[PDB]
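When we count neighbours, we look across all protein chains shown, and the Cβ atoms used for this are built from the backbone with ideal geometry, even at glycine. Bear in mind these aren't lab numbers, they're just calculated from the coordinates by the rules spelled out.
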Amino acid sequence: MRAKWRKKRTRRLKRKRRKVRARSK
Amino acid sequence: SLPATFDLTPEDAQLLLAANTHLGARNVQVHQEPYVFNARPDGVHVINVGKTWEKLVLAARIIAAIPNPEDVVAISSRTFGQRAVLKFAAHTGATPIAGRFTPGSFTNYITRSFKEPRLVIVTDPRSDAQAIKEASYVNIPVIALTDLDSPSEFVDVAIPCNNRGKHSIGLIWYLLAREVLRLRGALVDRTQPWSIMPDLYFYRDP
Amino acid sequence: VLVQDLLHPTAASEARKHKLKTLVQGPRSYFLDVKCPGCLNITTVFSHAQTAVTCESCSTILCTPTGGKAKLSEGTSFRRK
Amino acid sequence: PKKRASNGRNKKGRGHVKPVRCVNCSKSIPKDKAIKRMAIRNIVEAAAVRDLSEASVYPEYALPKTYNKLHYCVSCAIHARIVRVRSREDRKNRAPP
Amino acid sequence: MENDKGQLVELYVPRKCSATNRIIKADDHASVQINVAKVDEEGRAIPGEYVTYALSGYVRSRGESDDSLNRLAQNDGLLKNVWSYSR
Amino acid sequence: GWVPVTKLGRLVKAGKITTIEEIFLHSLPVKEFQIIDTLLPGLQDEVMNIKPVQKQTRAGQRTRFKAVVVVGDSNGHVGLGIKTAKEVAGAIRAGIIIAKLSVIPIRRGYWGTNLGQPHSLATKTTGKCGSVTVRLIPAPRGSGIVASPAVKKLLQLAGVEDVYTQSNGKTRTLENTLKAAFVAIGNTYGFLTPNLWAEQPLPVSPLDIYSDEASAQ
Amino acid sequence: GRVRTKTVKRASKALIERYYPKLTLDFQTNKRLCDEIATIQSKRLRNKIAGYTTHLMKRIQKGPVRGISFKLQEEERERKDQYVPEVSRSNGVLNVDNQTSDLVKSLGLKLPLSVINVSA
Amino acid sequence: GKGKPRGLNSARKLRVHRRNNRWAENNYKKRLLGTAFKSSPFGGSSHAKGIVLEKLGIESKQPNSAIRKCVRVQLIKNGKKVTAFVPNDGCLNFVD
Amino acid sequence: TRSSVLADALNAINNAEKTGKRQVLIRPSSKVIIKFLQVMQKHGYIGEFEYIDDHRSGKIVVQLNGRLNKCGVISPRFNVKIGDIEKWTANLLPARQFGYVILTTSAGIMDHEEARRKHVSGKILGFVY
RNA sequence: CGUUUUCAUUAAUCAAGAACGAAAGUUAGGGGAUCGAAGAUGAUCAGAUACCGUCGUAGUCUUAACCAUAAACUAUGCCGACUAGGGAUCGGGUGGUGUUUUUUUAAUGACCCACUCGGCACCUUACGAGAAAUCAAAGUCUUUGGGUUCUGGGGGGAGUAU
């Protein structure tokens, strides 16, 4: 896939893993 | 090493100045040409004709040093020099190539135009560039009638001339033929106006 | 080219080069003594003066500065020394 | 590798040129890159001038013209105008015709 | 190239360019050798007797062979003009 | 019968040129292989490689064979010819011909004692072809040739006894390696060592002394 | 298309190059000359070669055709490039510039002079 | 000089620079990170003895379509489960 | 900036010798260029040279004769012990029979042969062959 | 650039550190014509969450403050030296019993010719380099050393996890 749409998808992954990890601080 | 009498005679200077051999090329000027003499205003660079005559006697000394007269190749593709090299080939041995050079004539033998010379004289080092490029593959000295803007790569001894011409080209070929016919020749003393007419070498008609 | 005298260059080839790029570098500028015909005494003005050099007695003008050489102000008489 | 030494076009010494719009598709292309041709044409075509200069007071009066400079993009100039595609050795030429 | 007892080995001491003193190789086919006729009194030049030079391929390919032949022919005496040292 | 053209072949065939120092001195171009089959008849050949090269054709492939051949006797001359032909025997024959046209001489010298009968290179030398750089270092007596097998055979046919070799680049390509080494052994007669500093009087070409015996009828 | 091959054209060229007299402009007589002096293995190819020889006769007889010389063309051009008109200095003196005068004064001797004053 | 210092008092830049660039070597990295003692199911040792749990048939991917006869082994010194190939025509009749 | 002046001098000499010239005007002209060129003159690699004195660092015009293949600078003047001369001369000379590794010792600027004869060592400057 | 002014090594490159940094984006006012992520619609299409058409929010603009990324590209660190032929051009200067502007000769400006530094570039070659494309630098390198900074080491995993 196009490298900036993998880059955008990765930022959407990191924005989720920052959210689930924030529920358990 | 000139004995007494290879000097530029005043009649030869009148010939060379009448046929405009000194009116060289314009502001375009290769750095490998110190044969210039004090550029005339409105462009034209006057060529030192004394230097021209000295290089001419030197070239005729080189041409009259080949053991055989026929492994010298006179080259002209330009139509101003075709009759010139043809009458040069008439008087001396000096095989002509007037017009199309037919590459392969020097390198890589078995073609029908296979000349294998020890000297190549070229009327114009730009329009005869393939002969000059091809003579440097097979170890041949190249003489060239050069104007001041003409390239000097792969030419040794050059004659500073005006190859815009219609008068200077046939004259410088005529002077080479006359001078190589004086050296080792059936010819005459100091004065010796050489009954063979000067203008047999010239472009005819249009 | 390939053989030349780099120690005795011709003067015409040397009068055209930059003043730093000659064989020994030296200024192409000079001085000149000026007299304004109103006064009597002479004064020594640089060729590339950069100041409004006025005459010694009558302070009027002798040269207005410019980009390069100074301009002598049209009623003058100058000698390069 | 590099397909042109002057990469798209004609920017050496700037860093940024202000873009114009293509006249066909309105794609915004830099002004030095674009493709630029000045259309200089009469307001009458070569058939109409006879019947128009018949139909006029003030005899023939001007033949007045029309001038506009067309900036194309690389796509829409190839799609019609100045295209064909030149060979690697005929690419380096810059004489118009 | 010699050895312990005097003897020349290394076949073919090469030629050297008269304008640069560089070795003219065997695979140097732009190199050239120019024979200039010696001229006696009132012309009629002395056949089989030359002043010869050799010019490498690099001197010719750079465009320097004309000024090199002006220099090399002047200070043998074939020319008393064209080449001037202070350029 | 040979019946040559290219006048040097006639000076060779009439016997007026006897050794290839007369050709290698005057830098004469050799166009016919019989010029060196007569002036160097004890020359031995060696086919170094045969590989298939191929061309894509609108229906199928066109496979012709490329042969790398080294000739050279044992006494200071080598040649290296590379030829593709449609058939391997014709490719080897033509590679022998091109290797015979390209015979180069070799300046071999000493490691550093002036003792009898030179064994090694006079200088450090280097040849590049493609990406392969082949560097030859002079070596003491009895070193052998410290080289790859193809370079070792090219330097063996040269007559070099002791040499050291370094190499850089993709030396697995045999053509560029052999050609880099062929440059590295042809460049030994270009290095101006100080025993060659003494001036020589520039001899006349054999094409002028025997001008009569050239220039056929 | 009536484009004639290189067989017809090269044989026609070679027939004119050595038989320019004998080879008139009529097809029906060149048809018999190509029967006499050449050996052509067909009648159709004979007629084609004869027609092209007649054609090249028709355009030789209004000036030269590039490529073909037989005897008479080269004899004429041989006796044409020997020319009279010569040139001179007979029409006055040698007109020069200022700088050509400086040149001849710097090297040579007293030659006739007429300086000019051309500028930019 | 193209990329590196050269002056005589510059050996510290050269030392620290090569010491930094050594980490891009795979061998140096795996020798100075101790991959052998923590990862790599042996101890970094050569051979290791273990106990057969079950027999597996591993299908060869892509080419060489066959069933390579392997066993699943639990190592004694680690307890690490490890698949190990049993090489020859037969020899799964010898392991049990 | 100009960090070495010998390096500029020897690269000028190398380019003019590669290109077939017979003359080099060197911009920088130190004492060490004078002694380096004096050794190159002693072993025949250059002709005469002439120090032109402006009231500044000075210039030199060197005459060339074609015998020079390469002259080069070793840019950090590495401290050479007398056992390391054979290491240098094996490294950067074409053969053991010619070419000189030039080095500045407290007994002067000299080639490695005179350095072996006088039994002196020091720092390396360059090499000529 | 000019300079026969001054000081006299004050310099070169740079971990750490600092200033500036397109667009989008963020915070708070102002502004909001145009275009216009989102959104809503009309067709197309097998479907059309798209291309094409219409409308339009944030945005586009500005003030105060963030952000610190771009194919931020010449995908070419910076300083210095040398090596090649050409003609254009921009800025400065020098020369011309040169053109133009008449007032009557001038004077300036513009131009022309020649030279000169300093730029943005270009053209032809290749001595040279290169794996080649190509390169007056990507040359002056196995004949390897002018000074210095940063970066890389098979492809992924991954600029991911921590």
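Within a Cβ distance under 14 Å of residue H:88, other residues only, what is the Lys/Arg minus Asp/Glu net charge?
Its environment carries a net charge of +1.
Peptide F:201-214: average number of partner chain Cβ atoms within 10 Å per residue?
That average works out to 4.
Give the residue list of GluC sites (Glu not before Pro) in chain E that are DSSP loop and have at most 13 other beta-carbon atoms within 10 angstrom.
Here the sparse-neighbourhood loop sites are E:41, E:42, E:49.
Please give the average number of partner chain Cβ atoms lying within 10 Å of the Cβ of each residue in I:60-66, rounded to a whole number.
The shielding value for this peptide is 3.
To make sure I understand, if each residue's beta carbon is the centre and we count other beta carbons within 10 Å, what order do H:54, C:14, B:134 fall in, fewest to most?
With the sparsest Cβ surroundings first, the list reads H:54, C:14, B:134.
Name the shape class, rounded, prolate or oblate, that the alpha-carbon gyration tensor gives for chain F, where a ≥ b ≥ c are the square roots of its eigenvalues, rounded holds for a/c under 1.5, and otherwise prolate holds if a/b is larger than b/c and oblate otherwise.
Cα axes put chain F in the oblate bin.
Quick check: the distance between the Cα centres of segment F:128-197 and segment B:75-146, to the nearest angstrom?
If you average the Cα positions of each part, the centres end up 40 Å apart.
Applying the Karplus parametrisation 6.51 cos²θ - 1.76 cosθ + 1.60 with θ = phi - 60° to the phi angles of segment I:71-84, what ³J(HN,Hα) value in whole Hz is obtained for each residue in order, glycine and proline being reported as x?
Result, ordered by residue: 10, x, 9, 9, 7, x, 6, 5, 6, 9, 7, 5, x, 8 Hz.
If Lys and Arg each add +1 and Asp and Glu each add -1, what is the summed charge of the other residues whose beta carbon sits under 14 Å from the beta carbon of residue I:88?
With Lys, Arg at +1 and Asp, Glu at -1, the net is +2.
Classify chain B as rounded, prolate or oblate from the Cα gyration tensor: take a ≥ b ≥ c as the square roots of its eigenvalues, call it rounded if a/c is under 1.5, otherwise prolate when a/b beats b/c and oblate if not.
Note, shape of chain B comes out oblate.
Test of the criteria: in segment H:23-88, which trypsin sites (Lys or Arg not before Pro) are in a DSSP loop and have at most 14 other Cβ atoms within 10 angstrom of their Cβ?
Answer in residue order: H:49, H:61, H:77, H:80.
At 20 °C and 1.002 mPa s, grab the translational diffusion coefficient of chain H from Stokes-Einstein with a Kirkwood Rh over Cα pairs, rounded to a whole number in µm² per second.
121
Output ³J(HN,Hα) for segment F:174-180: one whole-Hz value per residue in order, computed from phi by the Karplus curve 6.51 cos²θ - 1.76 cosθ + 1.60 with θ = phi - 60°, and x for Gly and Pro.
With coefficients 6.51, -1.76 and 1.60, one gets 6, 5, 5, 5, 5, 6, 4 Hz.
What is the order of F:57, F:177, F:165, fewest Cβ neighbours within 10 Å to most?
Exposure proxy ranking, most exposed first: F:57, F:165, F:177.
Among residues other than residue H:58 whose Cβ falls under 14 Å from its Cβ, what is the net charge (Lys/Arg +1, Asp/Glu -1)?
Around residue H:58, the charge tally is +3.
Between F:53, F:69, F:146, find the one with the highest GNM mean-square fluctuation for chain F; connect C-alpha pairs within less than 10 Å.
With Cα springs under 10 Å in chain F, the top fluctuation among F:53, F:69, F:146 is at F:53.
5 Å is the cut-off here: which amide hydrogens, built 1.01 Å from N in the peptide plane, fall below it relative to residue E:24, excluding neighbours closer than 5 in sequence?
Result for residue E:24 returns E:15, E:16, E:17.
Amide H of residue B:95 versus every other amide H placed in the peptide plane: which residues, excluding those fewer than 5 positions away on the same chain, fall under 5 Å?
Here the answer is B:72, B:74, since their amide H atoms fall under 5 Å of that of residue B:95.
Going highest first, how would you order F:12-22, B:158-168, H:2-12, I:83-93 by mean Cβ packing within 10 Å?
Highest-to-lowest ranking by the protection proxy: B:158-168, F:12-22, I:83-93, H:2-12.
What is the set of long-range amide H partners of residue C:55 at a cut-off below 5 Å, with H atoms built 1.01 Å from backbone N?
Those qualifying (amide H under 5 Å, at least 5 residues apart or on another chain) are C:60, C:61, C:62.
Pick from B:146, B:111, B:21: which is most flexible by mean-square fluctuation in a GNM of chain B where alpha carbon atoms under 10 Å apart are linked?
Between B:146, B:111, B:21, it is B:111 that shows the largest mean-square fluctuation.
On C-alpha positions alone, give me the angle between the axis of helix H:11-21 and the longest principal axis of chain H, in degrees, nearest 10.
20
Quick one: order F:131, H:65 by neighbouring beta-carbon count within 10 Å, fewest to most.
Ordered from fewest to most neighbouring Cβ atoms within 10 Å, F:131, H:65 come out as H:65, F:131.
Size of the dipole of the protein assembly as shown about the Cα centre, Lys and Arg at +1 and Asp and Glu at -1 on the beta carbon, nothing else charged, in debye to 20?
Dipole size: approximately 11520 debye.
Restricting to DSSP loop positions (anything but H, G, I, E, B) with no more than 15 other Cβ atoms inside 10 Å of their own Cβ, which trypsin sites (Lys or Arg not before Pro) remain in segment B:84-114?
B:100, B:112
Can you work out D for chain G in µm² s⁻¹ from Stokes-Einstein, where Rh is the Kirkwood radius over C-alpha pairs, the temperature is 10 °C and the viscosity is 1.306 mPa s?
Rounded to a whole number, D works out at 84 µm²/s.
What shape does the protein assembly as shown have by the C-alpha gyration tensor, where a ≥ b ≥ c are the square roots of the eigenvalues, rounded means a/c under 1.5, and otherwise prolate means a/b greater than b/c and oblate the rest?
Rounded is the answer for the protein assembly as shown, as its axis ratio a/c remains below 1.5.
Output ³J(HN,Hα) for segment D:56-72: one whole-Hz value per residue in order, computed from phi by the Karplus curve 6.51 cos²θ - 1.76 cosθ + 1.60 with θ = phi - 60°, and x for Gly and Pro.
My calculation for segment D:56-72 gives 10, 6, 6, x, 6, 6, 7, 6, x, 10, 8, 10, 8, 9, 9, 9, 9 Hz in order.
For peptide F:121-128, how many partner chain Cβ atoms fall within 10 Å of a residue's Cβ, on average?
The shielding value for this peptide is 3.
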